Amino acid sequence: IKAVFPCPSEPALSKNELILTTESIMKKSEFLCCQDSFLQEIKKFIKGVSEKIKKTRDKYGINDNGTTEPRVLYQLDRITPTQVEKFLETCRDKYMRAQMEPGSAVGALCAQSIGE
Amino acid sequence: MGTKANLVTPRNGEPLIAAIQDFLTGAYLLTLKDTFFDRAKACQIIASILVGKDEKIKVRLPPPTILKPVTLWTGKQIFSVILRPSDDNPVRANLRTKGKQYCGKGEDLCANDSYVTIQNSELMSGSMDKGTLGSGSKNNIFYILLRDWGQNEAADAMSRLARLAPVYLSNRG
Amino acid sequence: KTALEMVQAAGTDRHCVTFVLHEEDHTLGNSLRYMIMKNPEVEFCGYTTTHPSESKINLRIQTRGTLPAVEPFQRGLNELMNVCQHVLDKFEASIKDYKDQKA
Amino acid sequence: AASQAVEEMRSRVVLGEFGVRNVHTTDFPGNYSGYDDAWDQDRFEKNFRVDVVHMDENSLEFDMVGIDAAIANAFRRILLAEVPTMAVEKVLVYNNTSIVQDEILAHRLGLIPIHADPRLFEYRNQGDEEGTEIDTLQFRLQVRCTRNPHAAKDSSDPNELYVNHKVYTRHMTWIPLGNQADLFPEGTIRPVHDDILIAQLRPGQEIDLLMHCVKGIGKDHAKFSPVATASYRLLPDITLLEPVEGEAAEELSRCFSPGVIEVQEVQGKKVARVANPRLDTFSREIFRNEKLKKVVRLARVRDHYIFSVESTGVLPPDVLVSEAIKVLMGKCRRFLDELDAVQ
Amino acid sequence: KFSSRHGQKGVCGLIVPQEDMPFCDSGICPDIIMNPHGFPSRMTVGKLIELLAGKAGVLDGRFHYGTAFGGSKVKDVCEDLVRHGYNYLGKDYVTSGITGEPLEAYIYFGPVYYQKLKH
Amino acid sequence: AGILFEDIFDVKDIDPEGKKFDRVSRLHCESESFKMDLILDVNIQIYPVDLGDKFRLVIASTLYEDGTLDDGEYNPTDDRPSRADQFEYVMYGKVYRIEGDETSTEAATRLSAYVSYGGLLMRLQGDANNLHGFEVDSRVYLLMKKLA
Amino acid sequence: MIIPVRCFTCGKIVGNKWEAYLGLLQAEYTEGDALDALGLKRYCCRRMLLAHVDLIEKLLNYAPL
């Protein structure tokens, strides 16, 4: 997601904002259908991304408000709001499409899979 | 029951339709650090791709990797045309994986050139081996193409390799 | 019906055109490719055989600017004919000279 | 310097211990920084030279300097496959009683070469089996093997015991059609070799057959190919990087082919010089000797090609090479005519 | 189906015109081209020795013996090739028929007995 | 100008782990003016580099000094005055990873920029103030001239 | 069964050489030297005479005559 849609001219805010944006997107009508365990796993991954951003920002001049002078420093762990919206949708669609289709002949597939 | 819909085994989900033998060796030899090519040799190898529905695509030749003492491209640049043959192709494949032979250190600055990075359908590092182009791996480019861009994009790329890899190896020897 | 010219797109952009040459093999294509790749205007020239079974070569010429691509292809055929005419004359003169020294 | 390195890259293919480097032809516009590679007809004409090293009946050796590999390969490919010749296509068989199968005997007859000149005859149209005086030549072979009436008692040797024991290409007799007899004087149309063994017979066994010969190109069948082998080799240019003197000269002379290296005692001390690099067969045995590997460089001049053509005897070798160049000129003209029709 | 007498059996995938086949300096073009990939998994070193022995034997005019537990050694056969002007290892410098330019790698070229199978 | 970075570099090692390739050598270098270490692959067939050589390395966003970023396609045949006329070796590649120094837990300023020239990699490592103007997915010209 | 008229790879006519080769072998000439006298320089041509088995003579002993 970061490479396919690298967003220049975007806020690139992080830490508290990342977790706030994620929780708002998770609770938007969709994602209720998603199994609850999956939603928790996304939150654990997002919490990890937020922790990584904080450590890097502390190590190399924390953004006072997004105004630090070497602007290359902002590229160190860059997640922008459009990327967060794309990541959460791609994960919902990938999960929904991974569900076994009803009528899958589940038993026949297992017997062949054990034999090979 | 179509091949495009069944490119992955039901047992683990690993890809089963993938490059084998001489397709794999032509690609490893093309994508080695020493493979460098002049405009004519580049144009001929890329030309093999333009058949069977690729006739109606205008080929994009990437700018040459070497430019001043002599103008030269790299094999990694020519392999990348298999992934995005034209400027109107929408596939922007991304992979970052250890190749077999990985030194264990320096992720992408390995001594053996065995860490693969593909950005926007362009190989930036590494040589293609069974791990990235062959069966049995979920770190395959064809698998990332199936999962992220679709069955058709993966199948088109596999057909392009079966045309490019034989033409380089027959002429190289 | 030996030569069929297929334009790259519905828009019929002249700069990229694929010439399908019937009853042809690597002998004409490789020689023509060298002659038409010595033209500065041609950015990309390559030949591909669709299948070993069918005797047809598809030659794709992509020009640098607005050149129609028929003009580079035609110039290449003319150059190959001139190179052949010179070699035949030089070879015949050399063969005659050798026989005369032998005599 | 770097300029020296580029000059070798564009002019010499260097043979190495594990591989051949600088293989590709790189002289195209824009491939180099200070060199103009755009086509100049005047430059090509001045540089090109053809030298006939050796010509003997059925063999021609010549050197083309300044030609490119793609143009040179075309001449070799045209000579092998696109220069037309006359060969047996249909064998009508009456009373074949020999051990050899008729299908095998038909194939052997097709392979035998005919001395008829292809340019005079014309291609037979599809079907049209009967043929015409212009498009075909008819040869009749009738041989019957009989016991020799006056023979020695032991008769261990078949040749003494039997007459016409072996069918040879001399037996084949041309049957003239229409005005062909006047156009071709007796003996102009004959099988070239005269000694090829078509079949072997025993007493009471007879082969009677009629053969029709048609013009064809090598691409359709190998029987129509006019050259035993046509091949080109780039000229060898061995260079000794460091002066080599002493017993080393004797080993360096041994590593290469028999006449390429001549050892001369300039001051009573052996010194090695390269006299005839053309003879080198590139066995690359110098690489086996560790000391001499670094003292010599094995390379081939890219634009000098030594071409060897051996004919099957159907037509003189010089004529075959001239015909091949004309066939390429024809292929270009056919396409130019199509472009005129399109526009 | 054609087999090589070393347990490697193949079907004829393609029939190519002589002009497209790669040619060595002598002008010999290969009757059969065999993929190098077969030898590493199969571990048929004997076939590689048989090409070298046959090439040396044809040039010498002698028939070499590959009898089990004995046979012609590689060292003796290589010396015969050097006398006849060929590389001891039997790898020959070839040029490509399709492109007209030399192949980057030296190609092993030699005579090997092939038997046509009934199928 | 369109210059991103410019310094004089001294070659310190040629092959750390042996000669893995023929044409390519892995040059490890260090700069005089700034404390910059440089990993660079160069084609040592066309351009030969020795263990003591000193060279000037400019990285530029555009090859025409008038600051016109117009690069629809690069035409080798076209001849106009440019920056490459002053330099011996030129490569075109893409900046693909900016990464922080891991070797200090606090108060750090070293950054790594990675550029890939079709597979010939460069790591440029130094103070963040000198690597300014690098961005991911940007395309840069390396230029290089040896000094007597 | 009978000597092939043309070498399989090169295409040289080798049908004419069989009778001479047998005669040279009948004399003291060595197999390599006999092939050299016939002019079969390339290895492809040499194998055809060297590896040929003449079964036509043996088969004919059983032919009707």
# chains A, B, ... in the order shown; residues from 1 in each chain; ligands from 1

$ closest_atom_pairs --of "chain C" --to "chain F" --cutoff "12 Å" --atoms "only C-alpha atoms" --output "Markdown table"
| residue | atom | partner | partner_atom | distance |
| --- | --- | --- | --- | --- |
| C:38 | CA | F:77 | CA | 11.3 |
| C:39 | CA | F:77 | CA | 10.3 |
| C:40 | CA | F:77 | CA | 6.7 |
| C:41 | CA | F:77 | CA | 8.7 |
| C:42 | CA | F:77 | CA | 10.5 |
| C:43 | CA | F:75 | CA | 8.5 |
| C:44 | CA | F:75 | CA | 11.8 |
| C:63 | CA | F:75 | CA | 11.6 |
| C:64 | CA | F:75 | CA | 8.3 |
| C:65 | CA | F:75 | CA | 10.8 |

$ write_last_selection --atoms "C-alpha atoms" --output "mmCIF file, in the first residue's frame"
data_model
loop_
_atom_site.group_PDB
_atom_site.id
_atom_site.type_symbol
_atom_site.label_atom_id
_atom_site.label_comp_id
_atom_site.auth_asym_id
_atom_site.auth_seq_id
_atom_site.Cartn_x
_atom_site.Cartn_y
_atom_site.Cartn_z
ATOM 1 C CA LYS C 38 21.670 2.129 -37.748
ATOM 2 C CA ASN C 39 19.027 4.834 -38.359
ATOM 3 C CA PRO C 40 19.201 7.470 -35.535
ATOM 4 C CA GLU C 41 15.378 8.018 -35.700
ATOM 5 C CA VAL C 42 14.428 4.389 -34.809
ATOM 6 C CA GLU C 43 14.242 4.101 -30.969
ATOM 7 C CA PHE C 44 13.283 0.385 -30.952
ATOM 8 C CA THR C 63 10.353 5.910 -34.101
ATOM 9 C CA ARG C 64 11.825 8.693 -31.884
ATOM 10 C CA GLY C 65 9.386 11.413 -33.016
#

$ closest_atom_pairs --of "chain F" --to "chain D" --cutoff "12 Å" --atoms "only C-alpha atoms" --output "JSON lines"
{"residue": "F:22", "atom": "CA", "partner": "D:21", "partner_atom": "CA", "distance": 10.7}
{"residue": "F:23", "atom": "CA", "partner": "D:21", "partner_atom": "CA", "distance": 10.8}
{"residue": "F:43", "atom": "CA", "partner": "D:2", "partner_atom": "CA", "distance": 11.5}
{"residue": "F:44", "atom": "CA", "partner": "D:2", "partner_atom": "CA", "distance": 9.6}
{"residue": "F:45", "atom": "CA", "partner": "D:5", "partner_atom": "CA", "distance": 7.2}
{"residue": "F:46", "atom": "CA", "partner": "D:2", "partner_atom": "CA", "distance": 6.2}
{"residue": "F:47", "atom": "CA", "partner": "D:2", "partner_atom": "CA", "distance": 5.9}
{"residue": "F:48", "atom": "CA", "partner": "D:2", "partner_atom": "CA", "distance": 7.1}
{"residue": "F:49", "atom": "CA", "partner": "D:2", "partner_atom": "CA", "distance": 10.3}
{"residue": "F:74", "atom": "CA", "partner": "D:30", "partner_atom": "CA", "distance": 11.2}
{"residue": "F:75", "atom": "CA", "partner": "D:30", "partner_atom": "CA", "distance": 8.3}
{"residue": "F:76", "atom": "CA", "partner": "D:30", "partner_atom": "CA", "distance": 5.1}
{"residue": "F:77", "atom": "CA", "partner": "D:30", "partner_atom": "CA", "distance": 4.7}
{"residue": "F:78", "atom": "CA", "partner": "D:30", "partner_atom": "CA", "distance": 8.4}
{"residue": "F:79", "atom": "CA", "partner": "D:30", "partner_atom": "CA", "distance": 10.0}
{"residue": "F:84", "atom": "CA", "partner": "D:33", "partner_atom": "CA", "distance": 10.3}
{"residue": "F:85", "atom": "CA", "partner": "D:33", "partner_atom": "CA", "distance": 9.8}
{"residue": "F:87", "atom": "CA", "partner": "D:33", "partner_atom": "CA", "distance": 11.7}
{"residue": "F:88", "atom": "CA", "partner": "D:2", "partner_atom": "CA", "distance": 9.6}
{"residue": "F:89", "atom": "CA", "partner": "D:33", "partner_atom": "CA", "distance": 10.6}
{"residue": "F:90", "atom": "CA", "partner": "D:33", "partner_atom": "CA", "distance": 11.2}
{"residue": "F:146", "atom": "CA", "partner": "D:2", "partner_atom": "CA", "distance": 11.8}

$ interface_residues --of "chain B" --to "chain A" --cutoff "10 Å" --atoms "only C-alpha atoms" --output "list in words"
residues 9, 10, 11, 12, 91, 92, 93, 94, 119, 120, 147 and 148 of chain B

$ residues_around --residues "range 100-112 of chain F" --least-positions-apart "2" --cutoff "7 Å" --atoms "only C-alpha atoms" --output "PyMOL selection string"
(chain A and resi 59-60+76) or (chain F and resi 98+114+123-128)

$ closest_residue --among "A:96, A:7, A:88, A:25" --to "chain F" --atoms "only C-alpha atoms"
A:7

$ atom_distance --atom1 "CA of residue 100 in chain C" --atom2 "CA of residue 65 in chain D"
22.1 Å

$ interface_residues --of "chain C" --to "chain B" --cutoff "9 Å" --atoms "only C-alpha atoms" --output "JSON, numbers by chain"
{"C": [6, 7, 8, 9, 16, 18, 33, 34, 37, 43, 44, 45, 46, 47, 48, 49, 50, 58, 59, 60, 62]}

$ residues_around --residues "residue 22 in chain G" --least-positions-apart "4" --cutoff "10 Å" --atoms "only C-alpha atoms" --output "list in words"
residues 17, 18, 26, 27, 31, 34 and 49 of chain G

$ write_last_selection --atoms "N, CA and C atoms" --output "PDB file, in the first residue's frame"
ATOM      1  N   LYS G  17      33.041 -42.847 -51.605  1.00  0.00           N
ATOM      2  CA  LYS G  17      34.246 -43.240 -50.829  1.00  0.00           C
ATOM      3  C   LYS G  17      34.253 -44.670 -50.276  1.00  0.00           C
ATOM      4  N   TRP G  18      33.120 -45.364 -50.193  1.00  0.00           N
ATOM      5  CA  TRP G  18      33.115 -46.695 -49.519  1.00  0.00           C
ATOM      6  C   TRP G  18      34.041 -47.694 -50.211  1.00  0.00           C
ATOM      7  N   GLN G  26      42.425 -52.807 -47.178  1.00  0.00           N
ATOM      8  CA  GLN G  26      42.979 -54.101 -47.671  1.00  0.00           C
ATOM      9  C   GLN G  26      44.494 -53.933 -47.771  1.00  0.00           C
ATOM     10  N   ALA G  27      44.958 -52.757 -48.188  1.00  0.00           N
ATOM     11  CA  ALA G  27      46.411 -52.474 -48.197  1.00  0.00           C
ATOM     12  C   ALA G  27      46.832 -52.132 -46.762  1.00  0.00           C
ATOM     13  N   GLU G  31      43.366 -47.014 -40.404  1.00  0.00           N
ATOM     14  CA  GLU G  31      41.975 -46.518 -40.545  1.00  0.00           C
ATOM     15  C   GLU G  31      41.965 -44.990 -40.541  1.00  0.00           C
ATOM     16  N   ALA G  34      43.610 -43.919 -43.831  1.00  0.00           N
ATOM     17  CA  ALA G  34      42.725 -44.226 -44.977  1.00  0.00           C
ATOM     18  C   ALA G  34      41.668 -43.132 -45.089  1.00  0.00           C
ATOM     19  N   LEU G  49      31.989 -43.421 -42.480  1.00  0.00           N
ATOM     20  CA  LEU G  49      32.771 -44.570 -43.003  1.00  0.00           C
ATOM     21  C   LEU G  49      33.258 -45.462 -41.865  1.00  0.00           C
TER      22      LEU G  49
END

$ closest_residue --among "E:8, E:72, E:111, E:18" --to "chain D" --atoms "only C-alpha atoms"
E:18

$ closest_residue --among "B:105, B:4, B:172, B:68" --to "chain F" --atoms "only C-alpha atoms"
B:68

$ interface_residues --of "chain G" --to "chain E" --cutoff "6 Å" --atoms "only C-alpha atoms" --output "list in words"
residues 9, 31, 32, 43 and 47 of chain G

$ interface_residues --of "chain C" --to "chain D" --cutoff "8 Å" --atoms "only C-alpha atoms" --output "CSV table (one decimal) with C-alpha atoms, in the first residue's frame"
chain,number,residue,atom,x,y,z
C,1,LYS,CA,-0.2,-10.0,-49.4
C,2,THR,CA,3.3,-10.5,-48.0
C,3,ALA,CA,3.4,-7.3,-45.9
C,27,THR,CA,17.8,-14.2,-42.7
C,28,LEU,CA,15.8,-11.1,-43.9
C,30,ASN,CA,18.2,-10.0,-38.8
C,31,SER,CA,19.9,-8.3,-41.8
C,34,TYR,CA,20.9,-4.2,-38.4
C,35,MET,CA,20.3,-1.8,-41.3
C,37,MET,CA,18.8,0.1,-36.2
C,38,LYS,CA,21.7,2.1,-37.7
C,39,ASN,CA,19.0,4.8,-38.4
C,40,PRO,CA,19.2,7.5,-35.5
C,74,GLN,CA,11.7,1.5,-46.6
C,77,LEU,CA,15.4,-2.2,-47.4
C,78,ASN,CA,17.0,0.3,-49.8
C,80,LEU,CA,20.4,-3.6,-47.7
C,81,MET,CA,19.9,-3.7,-51.5
C,84,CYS,CA,24.3,-6.4,-51.6
C,85,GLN,CA,25.0,-4.6,-54.9
C,86,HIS,CA,28.4,-3.4,-53.7
C,87,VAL,CA,29.4,-6.8,-52.2
C,88,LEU,CA,28.4,-8.7,-55.5
C,90,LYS,CA,33.5,-6.4,-55.3
C,91,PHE,CA,33.4,-10.2,-55.0
C,92,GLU,CA,33.1,-10.7,-58.8
C,94,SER,CA,38.2,-10.1,-56.8
C,95,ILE,CA,37.4,-13.6,-58.2
C,98,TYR,CA,42.5,-14.2,-58.7

$ atom_distance --atom1 "CA of residue 79 in chain B" --atom2 "CA of residue 64 in chain B"
13.2 Å

$ atom_distance --atom1 "CA of residue 86 in chain E" --atom2 "CA of residue 285 in chain D"
8.9 Å

$ select_by_dssp --residues "range 1-142 of chain B" --states "helix (DSSP H, G or I)" --output "JSON list (two decimals) with N, CA, C and O atoms, in the first residue's frame"
[["chain", "number", "residue", "atom", "x", "y", "z"],
["B", 22, "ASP", "N", 15.00, -24.52, -17.48],
["B", 22, "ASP", "CA", 15.66, -23.52, -18.33],
["B", 22, "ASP", "C", 14.99, -22.16, -18.23],
["B", 22, "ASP", "O", 15.64, -21.18, -18.55],
["B", 23, "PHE", "N", 13.71, -22.11, -17.89],
["B", 23, "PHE", "CA", 13.08, -20.79, -17.66],
["B", 23, "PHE", "C", 13.72, -20.18, -16.43],
["B", 23, "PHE", "O", 14.02, -19.01, -16.45],
["B", 24, "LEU", "N", 13.94, -20.98, -15.40],
["B", 24, "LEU", "CA", 14.55, -20.52, -14.14],
["B", 24, "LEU", "C", 16.00, -20.10, -14.33],
["B", 24, "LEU", "O", 16.38, -19.12, -13.74],
["B", 25, "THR", "N", 16.80, -20.88, -15.03],
["B", 25, "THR", "CA", 18.21, -20.55, -15.31],
["B", 25, "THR", "C", 18.37, -19.37, -16.25],
["B", 25, "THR", "O", 19.34, -18.67, -16.08],
["B", 26, "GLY", "N", 17.53, -19.20, -17.26],
["B", 26, "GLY", "CA", 17.70, -18.03, -18.11],
["B", 26, "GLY", "C", 17.48, -16.80, -17.31],
["B", 26, "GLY", "O", 18.19, -15.84, -17.54],
["B", 27, "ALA", "N", 16.48, -16.81, -16.44],
["B", 27, "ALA", "CA", 16.17, -15.67, -15.56],
["B", 27, "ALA", "C", 17.23, -15.40, -14.51],
["B", 27, "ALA", "O", 17.51, -14.24, -14.29],
["B", 28, "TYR", "N", 17.82, -16.41, -13.90],
["B", 28, "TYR", "CA", 18.91, -16.20, -12.93],
["B", 28, "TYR", "C", 20.11, -15.60, -13.64],
["B", 28, "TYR", "O", 20.72, -14.72, -13.08],
["B", 29, "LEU", "N", 20.45, -16.10, -14.81],
["B", 29, "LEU", "CA", 21.58, -15.59, -15.60],
["B", 29, "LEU", "C", 21.31, -14.18, -16.11],
["B", 29, "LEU", "O", 22.24, -13.40, -16.12],
["B", 30, "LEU", "N", 20.10, -13.86, -16.56],
["B", 30, "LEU", "CA", 19.73, -12.50, -17.02],
["B", 30, "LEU", "C", 19.80, -11.53, -15.86],
["B", 30, "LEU", "O", 20.41, -10.52, -16.03],
["B", 39, "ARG", "N", 21.75, -1.27, -26.77],
["B", 39, "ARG", "CA", 20.34, -1.05, -27.20],
["B", 39, "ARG", "C", 19.84, -2.15, -28.12],
["B", 39, "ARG", "O", 18.70, -2.52, -27.97],
["B", 40, "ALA", "N", 20.63, -2.61, -29.07],
["B", 40, "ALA", "CA", 20.14, -3.63, -30.01],
["B", 40, "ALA", "C", 19.83, -4.93, -29.31],
["B", 40, "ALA", "O", 18.85, -5.55, -29.69],
["B", 41, "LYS", "N", 20.70, -5.37, -28.42],
["B", 41, "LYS", "CA", 20.49, -6.66, -27.74],
["B", 41, "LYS", "C", 19.28, -6.53, -26.84],
["B", 41, "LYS", "O", 18.51, -7.47, -26.77],
["B", 42, "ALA", "N", 19.13, -5.39, -26.16],
["B", 42, "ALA", "CA", 17.95, -5.16, -25.31],
["B", 42, "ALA", "C", 16.70, -5.24, -26.16],
["B", 42, "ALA", "O", 15.78, -5.98, -25.78],
["B", 43, "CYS", "N", 16.69, -4.54, -27.29],
["B", 43, "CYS", "CA", 15.46, -4.47, -28.12],
["B", 43, "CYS", "C", 15.05, -5.85, -28.62],
["B", 43, "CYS", "O", 13.85, -6.15, -28.56],
["B", 44, "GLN", "N", 16.00, -6.67, -29.06],
["B", 44, "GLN", "CA", 15.68, -8.03, -29.55],
["B", 44, "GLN", "C", 15.08, -8.90, -28.44],
["B", 44, "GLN", "O", 14.08, -9.58, -28.70],
["B", 45, "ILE", "N", 15.67, -8.87, -27.24],
["B", 45, "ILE", "CA", 15.18, -9.76, -26.14],
["B", 45, "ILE", "C", 13.77, -9.31, -25.76],
["B", 45, "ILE", "O", 12.90, -10.18, -25.63],
["B", 46, "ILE", "N", 13.55, -8.01, -25.65],
["B", 46, "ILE", "CA", 12.21, -7.45, -25.29],
["B", 46, "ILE", "C", 11.22, -7.75, -26.41],
["B", 46, "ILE", "O", 10.04, -7.93, -26.11],
["B", 47, "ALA", "N", 11.70, -7.83, -27.65],
["B", 47, "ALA", "CA", 10.82, -8.05, -28.82],
["B", 47, "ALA", "C", 10.10, -9.39, -28.77],
["B", 47, "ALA", "O", 9.03, -9.49, -29.39],
["B", 75, "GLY", "N", 20.37, -6.63, -16.99],
["B", 75, "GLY", "CA", 19.39, -7.70, -17.12],
["B", 75, "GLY", "C", 18.21, -7.49, -16.23],
["B", 75, "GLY", "O", 17.13, -7.87, -16.63],
["B", 76, "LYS", "N", 18.42, -6.96, -15.04],
["B", 76, "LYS", "CA", 17.33, -6.74, -14.07],
["B", 76, "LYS", "C", 16.34, -5.78, -14.70],
["B", 76, "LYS", "O", 15.16, -5.94, -14.43],
["B", 77, "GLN", "N", 16.80, -4.81, -15.48],
["B", 77, "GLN", "CA", 15.93, -3.88, -16.23],
["B", 77, "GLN", "C", 15.12, -4.58, -17.32],
["B", 77, "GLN", "O", 13.95, -4.28, -17.45],
["B", 78, "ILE", "N", 15.71, -5.48, -18.07],
["B", 78, "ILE", "CA", 15.01, -6.27, -19.13],
["B", 78, "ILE", "C", 14.00, -7.26, -18.56],
["B", 78, "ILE", "O", 12.98, -7.44, -19.19],
["B", 79, "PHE", "N", 14.28, -7.92, -17.45],
["B", 79, "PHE", "CA", 13.32, -8.80, -16.77],
["B", 79, "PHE", "C", 12.11, -8.00, -16.32],
["B", 79, "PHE", "O", 11.02, -8.53, -16.31],
["B", 80, "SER", "N", 12.30, -6.77, -15.90],
["B", 80, "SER", "CA", 11.20, -5.96, -15.36],
["B", 80, "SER", "C", 10.15, -5.63, -16.42],
["B", 80, "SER", "O", 9.07, -5.25, -16.02],
["B", 81, "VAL", "N", 10.47, -5.69, -17.71],
["B", 81, "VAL", "CA", 9.49, -5.50, -18.82],
["B", 81, "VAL", "C", 8.49, -6.67, -18.85],
["B", 81, "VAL", "O", 7.44, -6.51, -19.39],
["B", 82, "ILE", "N", 8.85, -7.83, -18.35],
["B", 82, "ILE", "CA", 7.92, -8.99, -18.26],
["B", 82, "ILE", "C", 6.79, -8.60, -17.33],
["B", 82, "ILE", "O", 5.66, -9.00, -17.58],
["B", 83, "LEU", "N", 7.10, -7.93, -16.23],
["B", 83, "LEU", "CA", 6.08, -7.55, -15.23],
["B", 83, "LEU", "C", 5.19, -6.41, -15.72],
["B", 83, "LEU", "O", 3.98, -6.52, -15.56],
["B", 130, "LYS", "N", 14.56, -20.25, -7.74],
["B", 130, "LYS", "CA", 13.33, -21.04, -7.57],
["B", 130, "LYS", "C", 12.44, -20.36, -6.54],
["B", 130, "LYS", "O", 11.23, -20.49, -6.63],
["B", 131, "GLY", "N", 13.03, -19.70, -5.56],
["B", 131, "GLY", "CA", 12.24, -19.04, -4.51],
["B", 131, "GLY", "C", 11.34, -17.93, -4.99],
["B", 131, "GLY", "O", 10.27, -17.78, -4.41],
["B", 132, "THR", "N", 11.78, -17.14, -5.96],
["B", 132, "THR", "CA", 11.02, -15.98, -6.41],
["B", 132, "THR", "C", 10.29, -16.28, -7.70],
["B", 132, "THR", "O", 9.40, -15.53, -8.03],
["B", 133, "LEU", "N", 10.66, -17.32, -8.43],
["B", 133, "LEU", "CA", 10.03, -17.52, -9.75],
["B", 133, "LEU", "C", 9.51, -18.94, -9.88],
["B", 133, "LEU", "O", 8.80, -19.20, -10.82],
["B", 141, "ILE", "N", 6.93, -14.00, -7.34],
["B", 141, "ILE", "CA", 6.33, -12.79, -7.99],
["B", 141, "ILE", "C", 4.99, -13.16, -8.59],
["B", 141, "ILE", "O", 4.10, -12.35, -8.56],
["B", 142, "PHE", "N", 4.88, -14.34, -9.16],
["B", 142, "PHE", "CA", 3.63, -14.75, -9.82],
["B", 142, "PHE", "C", 2.54, -14.85, -8.77],
["B", 142, "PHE", "O", 1.41, -14.57, -9.08]]

$ residues_around --residues "residue 50 in chain F" --least-positions-apart "4" --cutoff "10 Å" --atoms "only C-alpha atoms" --output "number ranges by chain"
F: 11-14, 27, 44, 54

$ write_last_selection --atoms "N, CA, C and O atoms" --output "PDB file, in the first residue's frame"
ATOM      1  N   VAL F  11      38.752   6.284  -2.443  1.00  0.00           N
ATOM      2  CA  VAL F  11      38.497   4.846  -2.407  1.00  0.00           C
ATOM      3  C   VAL F  11      39.322   4.202  -1.302  1.00  0.00           C
ATOM      4  O   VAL F  11      40.543   4.383  -1.231  1.00  0.00           O
ATOM      5  N   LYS F  12      38.658   3.436  -0.436  1.00  0.00           N
ATOM      6  CA  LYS F  12      39.315   2.761   0.675  1.00  0.00           C
ATOM      7  C   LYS F  12      39.379   1.247   0.546  1.00  0.00           C
ATOM      8  O   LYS F  12      40.324   0.646   1.052  1.00  0.00           O
ATOM      9  N   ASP F  13      38.409   0.603  -0.100  1.00  0.00           N
ATOM     10  CA  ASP F  13      38.533  -0.814  -0.414  1.00  0.00           C
ATOM     11  C   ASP F  13      37.825  -1.099  -1.733  1.00  0.00           C
ATOM     12  O   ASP F  13      36.889  -0.392  -2.112  1.00  0.00           O
ATOM     13  N   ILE F  14      38.284  -2.136  -2.426  1.00  0.00           N
ATOM     14  CA  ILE F  14      37.773  -2.484  -3.749  1.00  0.00           C
ATOM     15  C   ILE F  14      36.878  -3.713  -3.714  1.00  0.00           C
ATOM     16  O   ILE F  14      35.793  -3.712  -4.287  1.00  0.00           O
ATOM     17  N   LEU F  27      32.923  -0.852  -4.477  1.00  0.00           N
ATOM     18  CA  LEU F  27      33.820   0.173  -3.942  1.00  0.00           C
ATOM     19  C   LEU F  27      33.313   0.725  -2.614  1.00  0.00           C
ATOM     20  O   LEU F  27      32.211   1.276  -2.550  1.00  0.00           O
ATOM     21  N   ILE F  44      33.646  -1.996 -13.821  1.00  0.00           N
ATOM     22  CA  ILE F  44      35.084  -1.765 -13.912  1.00  0.00           C
ATOM     23  C   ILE F  44      35.675  -2.257 -15.225  1.00  0.00           C
ATOM     24  O   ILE F  44      36.898  -2.294 -15.387  1.00  0.00           O
ATOM     25  N   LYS F  54      41.000   8.938  -6.177  1.00  0.00           N
ATOM     26  CA  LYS F  54      40.174   9.970  -5.577  1.00  0.00           C
ATOM     27  C   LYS F  54      39.262  10.530  -6.657  1.00  0.00           C
ATOM     28  O   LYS F  54      39.747  10.954  -7.709  1.00  0.00           O
TER      29      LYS F  54
END

$ select_by_dssp --residues "chain B" --states "strand (DSSP E or B)" --output "list in words"
residues 8, 15, 36, 37, 59, 66, 70, 72, 73, 74, 86, 95, 96, 97, 98, 115, 116, 117, 118, 119, 122, 123, 124 and 125 of chain B

$ residues_around --residues "range 124-127 of chain B" --least-positions-apart "6" --cutoff "9 Å" --atoms "only C-alpha atoms" --output "VMD selection string"
(chain B and resid 27 to 33 76 to 77 98 to 99 108 to 109 112 to 118) or (chain F and resid 94 96 115 to 121)

$ interface_residues --of "chain G" --to "chain D" --cutoff "10 Å" --atoms "only C-alpha atoms" --output "PyMOL selection string"
chain G and resi 1-7+9-19+56-57+59-65
